[PDB]
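Let's start with one chain on its own, the form deposited in one PDB entry, as structure tokens.
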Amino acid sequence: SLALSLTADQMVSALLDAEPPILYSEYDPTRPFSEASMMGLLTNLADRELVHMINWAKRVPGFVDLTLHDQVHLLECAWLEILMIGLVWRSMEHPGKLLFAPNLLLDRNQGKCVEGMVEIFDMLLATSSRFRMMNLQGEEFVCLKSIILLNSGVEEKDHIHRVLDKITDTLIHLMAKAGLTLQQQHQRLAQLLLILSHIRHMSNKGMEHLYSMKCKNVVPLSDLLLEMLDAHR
């Protein structure tokens, strides 16, 4: 209700505030990597990241206005996406690599220990270099996260749409503040939102051979990761 009257700037501060930190991984650089150990570290990483995410979500303006079921659904649809945007962002300053954790920065040929990974690796790296060349901003980054959350599932169908129009407003505000022409603001808004398509696609691919990387049981995946994974497919 009261989320709709948040000004552009109360929403920017509101999101930067709710930002999860960057986690370390159960990582022993002694043991080389296999399919098993490589899945060990990421599901451990993402397991923990999931818990911050759930809490992040609730500080997403207007999110707690949705009935329990709605909130479940969105997180069930966007979790991997959000993981992947976050990962692409902290991987920005490291070309050719992927900063899973500060202690786990991976390059391309290490996605080979797991089949189907390397391909998603290339897509992520690609997005990372799109973020770089576009010079995405922290304040822009958290808005996209908000969009992903609220758009992955998408009176009750209106509320979220209003919030979505608020985040657009906000994104626009930031490009305005940066000193962009009306023609640059609209072009960048388009370039931002089309990256989301790609993120969606990355999320769908990972879900595929992570539903089969569950059958081909190379690693235990927590009860939550399974829960998230089974209601997606």
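The term rigid core refers to the maximal set of C-alpha atoms that superpose within 1.5 Å between the two forms. Sequential numbering from 1, following the sequence displayed.
If you look for the form deposited in another entry, you will not find it shown, but the lines that follow are about it.
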Just one of 58, 31, 69, 177 has a C-alpha that shifts by 2 Å or more between the shown form and the other one on a rigid core fit; which is it? 31
Spell out whether the Cα of residue 12 moves at least 2 Å between the shown form and the other one when the two forms are superposed on their rigid core. no
Is there a C-alpha shift of 2 Å or more at residue 22 between the shown form and the other one once the rigid core is superposed? no
Relative to the superposed rigid core, does the CA atom of residue 213 travel 2 Å or more between the shown form and the other one? yes
Since the C-alpha distance between residue 32 and residue 100 changes by 3 Å or more in the other entry, give its direction relative to the shown form: closer or farther. closer
Direction of the Cα shift between residue 213 and residue 43 in the other entry, where the change is 3 Å or more: farther
